[PDB]
Structure formats: C-alpha cells, structure tokens
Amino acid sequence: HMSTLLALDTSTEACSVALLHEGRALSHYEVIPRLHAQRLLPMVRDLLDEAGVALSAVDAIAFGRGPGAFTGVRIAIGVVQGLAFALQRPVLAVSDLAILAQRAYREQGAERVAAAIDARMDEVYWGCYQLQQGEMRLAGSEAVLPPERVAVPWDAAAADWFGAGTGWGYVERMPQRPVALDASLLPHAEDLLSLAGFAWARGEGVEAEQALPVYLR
C-alpha cells in the first residue's frame, strides 16, 4: 500500500509544508517572519486542497523538531500533536540538521554534509551527515558547540564535503572548512518529507499522547 505523509517545518523564518501521496511529492514554501502561527494551517489546507487529498487520508505527520527558533519549533510541536491526536495518527520528529543535509544533497548533489545552524550565545548546532541509500544519515551525534570545537567524522582535507546552514556564518572560527558552503540554506518541508519516508518505512512514529523524543533546552 502506498503511504500518505504530511510534512511541515516552522523552525526558521521559512514556513513550509509538503505532502506525499500515491508516490508523488508536493510542497509549498514561504518566507514569513513571525506569522507562522497564523499561516501554517492555511498552508496545509491549501496543499491538501490542491492535491485533492483529505486530511483523513494522512497516515502520519512529520515535522522539524529543531534546532532553530524557539517559538517556531514550539508551534510545530503543538499543532502536529493536536492534528495527530484528533486523527489518531502517529508523528515523526525529524532533525532540522538532517533536513538541511537532505536538502543540500538534493540541490548540490553533496553526499557528505556538515550541517550547522546558528544557536544562541556564541554557539552553533552541529551535525554531520552522509548519504546511505538515498537518505542523509547522521554520523556520530548532534551537538551545540563553540565554532572552535566543531569537527567532521571524515578526512577534513577531502574536497567533497559541503557546509550547509546559517551556522556557517562562523566559518572563520572553525578548525576546518569545506571547499564550498551555503550559509543561507534553510530547512525545506520537501526534504523533511524525504526523511519522513525513510523513517516511516522503518516503522518509526509516535502516538500524540506518548512522550516525545524532542528535547528542548
């Protein structure tokens, strides 16, 4: 049976939603600072309506669980939980560092990505990812670190790995840097949707009442 998955991300100034239905992906993306709580659900209604898909057809709901903006992530968490509780469908928490990695893979073809997202207080969120059967997969663990301490799990002098995310604003303070980077790249629900597909096929998914594997500071 083919899965129907709904994906949304509000971790940044970007708000985006994506839908998998009958093996087709559909997404929409807007930059709208501070207007997430008012614009997220209409984006969802429009996406479902454009696809001709009813909310009841959705098998699971995926969202970016951060790291990123405090308010944006918290909005996603609540809305997804509410949606999922009412439908009685599971939720899929997905890292925004992974989403960045998957996006950089899709757009640049980079199979090794060091994702870095600006954190508060002179630190960055940091996670390195490598392609594994179409999925950008975490090598090691994610961390929040002074830029001086970030490290990659592969040979640094190799010219094939790519730097993605606003954390790369701190590149001049890092102990290594890639040949190429994009410090303005943001999460995109389309790539969240890709990651949710892999996670859903592994049998992941949590019910709304269940303790959420999202750990905000």
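Residue numbers here begin at 1 and follow the sequence given.
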Which of 33 to 41 and 48 to 56 has higher mean CA B factor, as the PDB entry lists it: 33 to 41
Segment of higher mean CA temperature factor, 132 to 140 or 95 to 103: 132 to 140
Which of 109, 127, 147, 90 ranks first by CA B-factor in the deposited coordinates: 109
Member of 160, 190, 182, 172 with the greatest C-alpha B factor (per the PDB record): 160
Where the record places residue 197 (Cα B-factor, split into thirds across the chain): lowest
Residue 153 by Cα B-factor - lowest, middle or highest third of the modelled chain: middle
For residue 178, the third of its chain into which the C-alpha B factor falls: middle
Record-listed C-alpha B factor of residue 19: chain third: lowest
CA B-factor ranking of residue 66, expressed as a third of its chain: middle
